[PDB]
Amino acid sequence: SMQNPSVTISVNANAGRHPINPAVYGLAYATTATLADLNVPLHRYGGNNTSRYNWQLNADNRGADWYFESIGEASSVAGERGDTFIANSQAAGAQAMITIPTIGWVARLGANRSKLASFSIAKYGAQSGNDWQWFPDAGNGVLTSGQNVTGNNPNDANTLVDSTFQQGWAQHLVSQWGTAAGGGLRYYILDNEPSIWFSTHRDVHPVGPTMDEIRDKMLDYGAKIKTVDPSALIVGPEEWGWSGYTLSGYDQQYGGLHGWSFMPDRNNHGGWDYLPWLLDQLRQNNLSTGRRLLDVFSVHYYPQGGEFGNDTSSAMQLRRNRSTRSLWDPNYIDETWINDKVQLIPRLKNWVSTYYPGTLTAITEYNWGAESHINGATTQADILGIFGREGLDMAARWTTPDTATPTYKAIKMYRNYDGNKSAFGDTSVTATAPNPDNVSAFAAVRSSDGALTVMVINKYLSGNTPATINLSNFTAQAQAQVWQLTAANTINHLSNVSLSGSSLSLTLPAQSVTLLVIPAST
């Protein structure tokens, strides 16, 4: 009975045509089983601890996430974490992405691959937290006064390595797997969120890196890896979010300790914003040596309004319906401390085109929260539509939703909606909806099929929504197939719906993701 205002959506198979790269469907920390079942072709190995991974010991340091403990993997075979990750990805037809540390300071181990700790309680004294279950001497590096322990010796739990040390890892990967061109590892990620090393890796990097240090690191590590494999693709810098797009880690830190009135690094570099200057330095280097070191320009982005978590109150559901505007919308002011028009994807494409053309664009971490709730799933389906429409070259969600959740099934609406790996189309085309906070829509034409696939997301918290879809420039059969996800948490194959001219009409349940598969003539 309950009913929302009617909506009309116009899909025109001739407007705004461009490929959708299947790499937008990427994921982090999935399994061979879920990579195959979600039909996902990109698998990222990345995140905080990967900055500290010692490929020669097969070990890493957890940083601030786990008491700055250096911890060995079970195996002591050089590089096994990476090899295992690659085998498991390729077992499912997915391309792996491996993070190579750039930070220099990576884990070492004590006698018998025993754990080490950067903030030993016996060495630096009483602190306010410690690993009391598994390693009691490992402090959190904060004194009981709440003031950080400072002056710790970086060798307590780590060893300082350089680009020749990580080049050795690239040589190993190439020997096991072949080059990228020959079916080997295609993507090298350079580190992870380097601007905030001063916080995630305070033990070993207490001062935020300048934009110089980070440029030098991409130049250095990038050259080494490309010597070993000129066919592989380098991805970076993996910056953490809004402030990391315009301010180096040195300036972020400086600002947190001294207020925002004077940014020393920014000032030393004529008022440039960080990532645009980084892109521009890489351009100048590429123009001068003739060699491309960075191929994919990558950032992380998480909404700032409290949506990353499990708050599923009404007000938070409505905010998730709106806040994905930050990924595309030039007029949307973000409703948070950011308080500015982020329009991330156009921004990424604009920066690349202004400062380093021909570089691809990636969001290699995002998450909009509420994974186990229909609102998380409408939101995820909303995000995947936006990636394709807006022309992002790659993406990796952080991380992979549990197979029981409706969010898992949202990804599967795009990639394996019938259990036979049929997927949304791969040439984006215009679909226009009047208000995407209430209902958003995305279309594409499928190359294998000529089918027009149209995804409609009803974001409204209650009531059915009558919906009419108008096709231009597409000659369609009599009937369109219907597949649907609601809070019932199952992909349903509903009844075919009859086309009325080049229109079709239907009733959309509240908080639902609906897929129309509309085959071409004849």
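Don't overthink the numbering: it's just position in the shown sequence, from 1.
In this entry, 491-499 has the higher mean Cα B-factor, the comparison being between 37-45 and 491-499. As the entry records it, the average C-alpha temperature factor is higher for 330-338, out of 366-374 and 330-338. Per the deposited coordinates, the residue with the largest Cα temperature factor out of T486, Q481, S70, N58 is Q481. Comparing the listed residues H300, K123, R325, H269, the entry records the largest Cα B-factor for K123. Remark: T32 belongs to the middle third of its chain, ranked by C-alpha B-factor as recorded. The entry lists a Cα temperature factor for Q133 that places it in the highest third of the chain's modelled residues. Per the deposited record, the Cα B-factor of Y53 falls in the lowest third when ranked against the other modelled residues of its chain. Ranked by C-alpha B-factor against the other modelled residues of its chain, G63 falls in the middle third. Among all modelled residues in its chain, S76 ranks in the middle third by Cα B-factor.
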